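Before any comments, here is the structure.
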Protein chains: 2
Amino acid sequence: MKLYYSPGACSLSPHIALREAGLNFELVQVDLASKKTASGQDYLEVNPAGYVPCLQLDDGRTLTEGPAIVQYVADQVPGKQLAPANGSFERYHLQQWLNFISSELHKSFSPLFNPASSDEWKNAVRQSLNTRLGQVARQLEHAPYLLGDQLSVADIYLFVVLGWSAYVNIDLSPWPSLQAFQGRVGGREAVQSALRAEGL
Amino acid sequence: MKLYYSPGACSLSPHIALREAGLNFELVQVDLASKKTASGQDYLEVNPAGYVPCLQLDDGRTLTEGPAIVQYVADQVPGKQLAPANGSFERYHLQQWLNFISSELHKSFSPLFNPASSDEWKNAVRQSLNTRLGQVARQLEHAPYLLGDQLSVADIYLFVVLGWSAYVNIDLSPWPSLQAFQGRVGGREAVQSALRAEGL
Ligand SMILES: N[C@@H](CCC(=O)N[C@@H](CS)C(=O)NCC(=O)O)C(=O)O
Ligand SMILES: N[C@@H](CCC(=O)N[C@@H](CS)C(=O)NCC(=O)O)C(=O)O
Ligand SMILES: O=C(O)/C(O)=C/C=C/C(=O)c1ccccc1
Ligand SMILES: O=C(O)/C(O)=C/C=C/C(=O)c1ccccc1
């Protein structure tokens, strides 16, 4: 099993998930520019859209999109309880949060990283983010994790996205529950092992 | 079961899925400007983020995010095969496609429907879409649907987002396989019933 990744990128979410699952896998780094792997192979042969993550199975079969990948990972080690059982209502609730993180958080961070983007663009996105962060913050007043008392792959994804705040000049202090969350997920061994393996 | 919708918005996706599934439900229109439902209820009481779709279950529980909703819907009628079975590889592959449509397609249409979006934002997004729609056109070149020969809720979601192109002046002429896909899906009785039901 292979995870195509780039240090600090959103591929850190499946990376943390794999560790939390206690699975073994190979990291393959990708040059996000020439779209070539560390071993000099063409990545657009693996993922046509040219982004990370991509999970490749022993099979040769592949999966892209974080929310899909992290669900595949969790379902390999149900004992770890990293996602609700499929067919339970809480699994749809997991998927809801995964899509929220991806479409409402992650995609809003994207143009803040972009040097080309105007200041009128960035400021509109920053206002939307503040609002969406407020919503996530309120959720994390109810319980230490997005779905309650057990860590799920949705918390892992959220931890990764929130960790980008430092690079786009977002202070998380206005939301005590988001800082409490960061701290709580930040100090897990699997998470640390993942940051270490990525040089962070 | 209630579906909160706005005519022609992304909620048309669960709408079509519900009809494909043959399920009983009540459409509840939402004024996206004033954020009031048809009954005059404050819609933020229902979805804290303020957007459609939202699925309200018989028992009062709610689900947001298109990709979560359409999976719940499909899982209600497994005989109809609107999604591959949970735990199968092809179900992760559906979630990949659903997250792709949401984060890579839908979210890039969003600024185009905005008057207050700068022409810089719009030009960038149109370019992202040109590339991303190319990837989907290639996917739909030698197979009728996203997952192969079987229509799924991913195809329904794609069909709805593609339908937005006329309203924001996106020409799909460079992608004949996408127009072919539109005619393949748009010709289904549940799709045409939903269009009619939304007053379109
Ligand atoms: N929709 C994709 C987005 C993946 C994505 O935005 N990956 C970024 C890193 S966080 C990337 O590889 N860079 C963008 C690119 O070069 O295309 C997903 O959720 O997996
Ligand atoms: N992340 C949400 C996005 C939903 C969404 O962007 N809905 C739009 C219509 S397509 C909407 O209700 N408009 C936003 C608003 O009215 O403020 C999802 O995938 O369901
Ligand atoms: O969301 C995007 O468009 C995107 O490419 C995000 C990438 C983020 C990073 O690679 C990254 C690396 C180190 C630290 C923070 C962020
Ligand atoms: O993508 C969005 O965030 C968004 O607000 C999409 C809106 C879709 C529509 O309401 C719509 C309605 C009729 C025709 C085309 C589009």
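As shown in the structure tokens, the chain order sets the letters A, B, ...; within each chain, residues go from 1, and ligands are also counted from 1 in the order they appear.
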With 12 Å as the cut-off and only C-alpha atoms and all ligand atoms counted, what is the closest atom pair between each nearby residue of chain A and ligand 3? Distances in Å to one decimal, ordered by chain and number, as JSON lines.
```
{"residue": "A:5", "atom": "CA", "partner": "ligand 3", "partner_atom_place_in_ligand_line": "10 (O)", "distance": 9.5}
{"residue": "A:6", "atom": "CA", "partner": "ligand 3", "partner_atom_place_in_ligand_line": "10 (O)", "distance": 6.5}
{"residue": "A:7", "atom": "CA", "partner": "ligand 3", "partner_atom_place_in_ligand_line": "12 (C)", "distance": 5.9}
{"residue": "A:8", "atom": "CA", "partner": "ligand 3", "partner_atom_place_in_ligand_line": "13 (C)", "distance": 3.7}
{"residue": "A:9", "atom": "CA", "partner": "ligand 3", "partner_atom_place_in_ligand_line": "10 (O)", "distance": 3.7}
{"residue": "A:10", "atom": "CA", "partner": "ligand 3", "partner_atom_place_in_ligand_line": "7 (C)", "distance": 6.5}
{"residue": "A:11", "atom": "CA", "partner": "ligand 3", "partner_atom_place_in_ligand_line": "10 (O)", "distance": 8.7}
{"residue": "A:12", "atom": "CA", "partner": "ligand 3", "partner_atom_place_in_ligand_line": "10 (O)", "distance": 9.5}
{"residue": "A:13", "atom": "CA", "partner": "ligand 3", "partner_atom_place_in_ligand_line": "8 (C)", "distance": 11.8}
{"residue": "A:29", "atom": "CA", "partner": "ligand 3", "partner_atom_place_in_ligand_line": "10 (O)", "distance": 11.9}
{"residue": "A:30", "atom": "CA", "partner": "ligand 3", "partner_atom_place_in_ligand_line": "10 (O)", "distance": 11.0}
{"residue": "A:31", "atom": "CA", "partner": "ligand 3", "partner_atom_place_in_ligand_line": "10 (O)", "distance": 10.8}
{"residue": "A:32", "atom": "CA", "partner": "ligand 3", "partner_atom_place_in_ligand_line": "5 (O)", "distance": 8.7}
{"residue": "A:33", "atom": "CA", "partner": "ligand 3", "partner_atom_place_in_ligand_line": "5 (O)", "distance": 11.1}
{"residue": "A:50", "atom": "CA", "partner": "ligand 3", "partner_atom_place_in_ligand_line": "5 (O)", "distance": 11.0}
{"residue": "A:51", "atom": "CA", "partner": "ligand 3", "partner_atom_place_in_ligand_line": "5 (O)", "distance": 8.1}
{"residue": "A:52", "atom": "CA", "partner": "ligand 3", "partner_atom_place_in_ligand_line": "5 (O)", "distance": 8.7}
{"residue": "A:53", "atom": "CA", "partner": "ligand 3", "partner_atom_place_in_ligand_line": "5 (O)", "distance": 10.8}
{"residue": "A:66", "atom": "CA", "partner": "ligand 3", "partner_atom_place_in_ligand_line": "1 (O)", "distance": 11.9}
{"residue": "A:101", "atom": "CA", "partner": "ligand 3", "partner_atom_place_in_ligand_line": "1 (O)", "distance": 11.6}
{"residue": "A:102", "atom": "CA", "partner": "ligand 3", "partner_atom_place_in_ligand_line": "1 (O)", "distance": 9.4}
{"residue": "A:103", "atom": "CA", "partner": "ligand 3", "partner_atom_place_in_ligand_line": "1 (O)", "distance": 10.5}
{"residue": "A:104", "atom": "CA", "partner": "ligand 3", "partner_atom_place_in_ligand_line": "1 (O)", "distance": 11.6}
{"residue": "A:105", "atom": "CA", "partner": "ligand 3", "partner_atom_place_in_ligand_line": "1 (O)", "distance": 9.5}
{"residue": "A:106", "atom": "CA", "partner": "ligand 3", "partner_atom_place_in_ligand_line": "1 (O)", "distance": 5.9}
{"residue": "A:107", "atom": "CA", "partner": "ligand 3", "partner_atom_place_in_ligand_line": "1 (O)", "distance": 5.9}
{"residue": "A:108", "atom": "CA", "partner": "ligand 3", "partner_atom_place_in_ligand_line": "1 (O)", "distance": 7.8}
{"residue": "A:109", "atom": "CA", "partner": "ligand 3", "partner_atom_place_in_ligand_line": "1 (O)", "distance": 5.9}
{"residue": "A:110", "atom": "CA", "partner": "ligand 3", "partner_atom_place_in_ligand_line": "1 (O)", "distance": 3.8}
{"residue": "A:111", "atom": "CA", "partner": "ligand 3", "partner_atom_place_in_ligand_line": "3 (O)", "distance": 6.9}
{"residue": "A:112", "atom": "CA", "partner": "ligand 3", "partner_atom_place_in_ligand_line": "1 (O)", "distance": 8.7}
{"residue": "A:113", "atom": "CA", "partner": "ligand 3", "partner_atom_place_in_ligand_line": "6 (C)", "distance": 6.8}
{"residue": "A:114", "atom": "CA", "partner": "ligand 3", "partner_atom_place_in_ligand_line": "3 (O)", "distance": 7.9}
{"residue": "A:115", "atom": "CA", "partner": "ligand 3", "partner_atom_place_in_ligand_line": "3 (O)", "distance": 11.6}
{"residue": "A:160", "atom": "CA", "partner": "ligand 3", "partner_atom_place_in_ligand_line": "15 (C)", "distance": 9.0}
{"residue": "A:161", "atom": "CA", "partner": "ligand 3", "partner_atom_place_in_ligand_line": "16 (C)", "distance": 8.6}
{"residue": "A:162", "atom": "CA", "partner": "ligand 3", "partner_atom_place_in_ligand_line": "15 (C)", "distance": 10.0}
{"residue": "A:163", "atom": "CA", "partner": "ligand 3", "partner_atom_place_in_ligand_line": "15 (C)", "distance": 7.4}
{"residue": "A:164", "atom": "CA", "partner": "ligand 3", "partner_atom_place_in_ligand_line": "15 (C)", "distance": 5.1}
{"residue": "A:165", "atom": "CA", "partner": "ligand 3", "partner_atom_place_in_ligand_line": "15 (C)", "distance": 8.3}
{"residue": "A:166", "atom": "CA", "partner": "ligand 3", "partner_atom_place_in_ligand_line": "15 (C)", "distance": 8.0}
{"residue": "A:167", "atom": "CA", "partner": "ligand 3", "partner_atom_place_in_ligand_line": "15 (C)", "distance": 6.0}
{"residue": "A:168", "atom": "CA", "partner": "ligand 3", "partner_atom_place_in_ligand_line": "15 (C)", "distance": 8.6}
{"residue": "A:169", "atom": "CA", "partner": "ligand 3", "partner_atom_place_in_ligand_line": "15 (C)", "distance": 11.4}
{"residue": "A:195", "atom": "CA", "partner": "ligand 3", "partner_atom_place_in_ligand_line": "13 (C)", "distance": 11.0}
{"residue": "A:198", "atom": "CA", "partner": "ligand 3", "partner_atom_place_in_ligand_line": "13 (C)", "distance": 9.8}
{"residue": "A:199", "atom": "CA", "partner": "ligand 3", "partner_atom_place_in_ligand_line": "13 (C)", "distance": 10.2}
{"residue": "A:200", "atom": "CA", "partner": "ligand 3", "partner_atom_place_in_ligand_line": "13 (C)", "distance": 8.6}
```
Got a sec to pull out which chain A residues are within 10 Å of chain B, counting only C-alpha atoms, and send them as a VMD selection string?
chain A and resid 48 to 49 61 to 72 75 to 76 85 to 100 102 to 104 106 to 108 111 116 to 118 120 to 122 124 131 to 132 135
Let's see if you can do this: from backbone DSSP, list all helix (DSSP H, G or I) residues in region 15-189 of chain B, as an NGL selection string.
:B and (15-21 or 43-45 or 66-76 or 78-80 or 89-113 or 119-139 or 153-166 or 176-186 or 189)
Restricting the output to C-alpha atoms, write the selected residues as an mmCIF file, in the first residue's frame.
```cif
data_model
loop_
_atom_site.group_PDB
_atom_site.id
_atom_site.type_symbol
_atom_site.label_atom_id
_atom_site.label_comp_id
_atom_site.auth_asym_id
_atom_site.auth_seq_id
_atom_site.Cartn_x
_atom_site.Cartn_y
_atom_site.Cartn_z
ATOM 1 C CA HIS B 15 -34.289 15.830 -5.115
ATOM 2 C CA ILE B 16 -33.534 13.693 -8.200
ATOM 3 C CA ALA B 17 -32.022 10.935 -5.991
ATOM 4 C CA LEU B 18 -35.161 10.779 -3.803
ATOM 5 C CA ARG B 19 -37.324 10.343 -6.945
ATOM 6 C CA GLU B 20 -34.945 7.771 -8.386
ATOM 7 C CA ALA B 21 -35.223 5.916 -5.055
ATOM 8 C CA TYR B 43 -33.765 28.351 7.999
ATOM 9 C CA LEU B 44 -30.588 28.764 10.083
ATOM 10 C CA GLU B 45 -32.521 26.944 12.839
ATOM 11 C CA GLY B 66 -24.949 16.842 -0.730
ATOM 12 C CA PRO B 67 -22.529 13.863 -0.774
ATOM 13 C CA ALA B 68 -23.734 12.667 2.686
ATOM 14 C CA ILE B 69 -27.446 13.160 1.833
ATOM 15 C CA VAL B 70 -27.316 11.326 -1.505
ATOM 16 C CA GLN B 71 -25.551 8.337 0.114
ATOM 17 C CA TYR B 72 -28.162 8.142 2.884
ATOM 18 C CA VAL B 73 -30.857 8.267 0.180
ATOM 19 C CA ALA B 74 -29.248 5.537 -1.957
ATOM 20 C CA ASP B 75 -28.742 3.252 1.077
ATOM 21 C CA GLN B 76 -32.519 3.330 1.708
ATOM 22 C CA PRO B 78 -30.241 -0.936 -2.234
ATOM 23 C CA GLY B 79 -32.350 -2.778 -4.841
ATOM 24 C CA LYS B 80 -32.120 0.322 -7.032
ATOM 25 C CA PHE B 89 -14.139 -0.744 -3.191
ATOM 26 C CA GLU B 90 -16.569 0.846 -5.677
ATOM 27 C CA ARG B 91 -18.391 2.612 -2.794
ATOM 28 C CA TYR B 92 -15.093 4.429 -1.897
ATOM 29 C CA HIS B 93 -14.784 5.181 -5.585
ATOM 30 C CA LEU B 94 -18.283 6.790 -5.427
ATOM 31 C CA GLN B 95 -17.135 8.923 -2.435
ATOM 32 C CA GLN B 96 -14.071 9.953 -4.434
ATOM 33 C CA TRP B 97 -16.305 11.113 -7.289
ATOM 34 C CA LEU B 98 -18.776 12.800 -4.913
ATOM 35 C CA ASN B 99 -15.995 14.744 -3.167
ATOM 36 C CA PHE B 100 -14.505 15.661 -6.573
ATOM 37 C CA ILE B 101 -17.814 17.055 -7.831
ATOM 38 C CA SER B 102 -18.275 19.016 -4.600
ATOM 39 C CA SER B 103 -14.774 20.475 -4.042
ATOM 40 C CA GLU B 104 -13.438 20.584 -7.616
ATOM 41 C CA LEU B 105 -16.546 21.472 -9.629
ATOM 42 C CA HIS B 106 -19.428 22.816 -7.497
ATOM 43 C CA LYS B 107 -17.235 25.100 -5.368
ATOM 44 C CA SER B 108 -15.676 26.628 -8.509
ATOM 45 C CA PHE B 109 -19.099 27.460 -9.963
ATOM 46 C CA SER B 110 -19.945 29.328 -6.704
ATOM 47 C CA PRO B 111 -18.022 32.613 -7.362
ATOM 48 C CA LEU B 112 -19.509 32.775 -10.895
ATOM 49 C CA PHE B 113 -23.025 33.109 -9.410
ATOM 50 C CA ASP B 119 -13.334 39.385 -12.495
ATOM 51 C CA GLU B 120 -9.958 38.060 -11.294
ATOM 52 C CA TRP B 121 -11.680 35.430 -9.101
ATOM 53 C CA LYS B 122 -14.020 34.493 -11.990
ATOM 54 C CA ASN B 123 -11.232 34.150 -14.586
ATOM 55 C CA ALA B 124 -9.208 31.872 -12.289
ATOM 56 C CA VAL B 125 -12.209 29.695 -11.480
ATOM 57 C CA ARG B 126 -13.187 29.429 -15.180
ATOM 58 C CA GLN B 127 -9.659 28.164 -15.872
ATOM 59 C CA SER B 128 -9.794 25.623 -13.008
ATOM 60 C CA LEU B 129 -13.115 24.403 -14.406
ATOM 61 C CA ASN B 130 -11.791 24.132 -17.963
ATOM 62 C CA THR B 131 -9.156 21.688 -16.677
ATOM 63 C CA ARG B 132 -11.387 19.825 -14.243
ATOM 64 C CA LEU B 133 -14.237 19.414 -16.811
ATOM 65 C CA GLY B 134 -11.601 18.019 -19.201
ATOM 66 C CA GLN B 135 -10.814 15.285 -16.681
ATOM 67 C CA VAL B 136 -14.528 14.361 -16.406
ATOM 68 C CA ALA B 137 -15.054 14.433 -20.173
ATOM 69 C CA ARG B 138 -12.221 11.914 -20.551
ATOM 70 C CA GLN B 139 -13.787 9.780 -17.791
ATOM 71 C CA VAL B 153 -25.819 9.320 -7.159
ATOM 72 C CA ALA B 154 -22.413 10.712 -8.423
ATOM 73 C CA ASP B 155 -23.870 11.003 -11.935
ATOM 74 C CA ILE B 156 -26.916 12.787 -10.539
ATOM 75 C CA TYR B 157 -24.729 15.266 -8.674
ATOM 76 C CA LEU B 158 -22.564 15.805 -11.811
ATOM 77 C CA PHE B 159 -25.643 16.317 -13.994
ATOM 78 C CA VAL B 160 -26.921 19.086 -11.700
ATOM 79 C CA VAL B 161 -23.617 21.005 -11.557
ATOM 80 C CA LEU B 162 -23.267 20.651 -15.366
ATOM 81 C CA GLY B 163 -26.760 22.152 -15.736
ATOM 82 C CA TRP B 164 -25.467 25.384 -14.215
ATOM 83 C CA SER B 165 -23.209 26.066 -17.197
ATOM 84 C CA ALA B 166 -25.935 27.679 -19.361
ATOM 85 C CA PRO B 176 -19.034 16.311 -26.402
ATOM 86 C CA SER B 177 -18.901 13.377 -23.906
ATOM 87 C CA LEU B 178 -20.375 15.708 -21.216
ATOM 88 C CA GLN B 179 -23.254 16.800 -23.488
ATOM 89 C CA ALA B 180 -23.805 13.125 -24.312
ATOM 90 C CA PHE B 181 -23.897 12.453 -20.553
ATOM 91 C CA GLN B 182 -26.441 15.269 -20.029
ATOM 92 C CA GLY B 183 -28.810 13.702 -22.559
ATOM 93 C CA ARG B 184 -28.303 10.240 -21.077
ATOM 94 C CA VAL B 185 -29.217 11.376 -17.540
ATOM 95 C CA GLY B 186 -31.605 14.253 -18.340
ATOM 96 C CA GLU B 189 -38.266 10.145 -15.789
#
```
What is the Cα root-mean-square deviation, to one decimal place in Å, for chain B superposed on chain A with all Cα atoms matched in order?
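So the superposition leaves a C-alpha RMSD of 0.6 Å.
Interatomic distance, CA of residue 147 (chain A) against atom 4 (C, counted along the ligand's line) of ligand 1: 23.6 Å.
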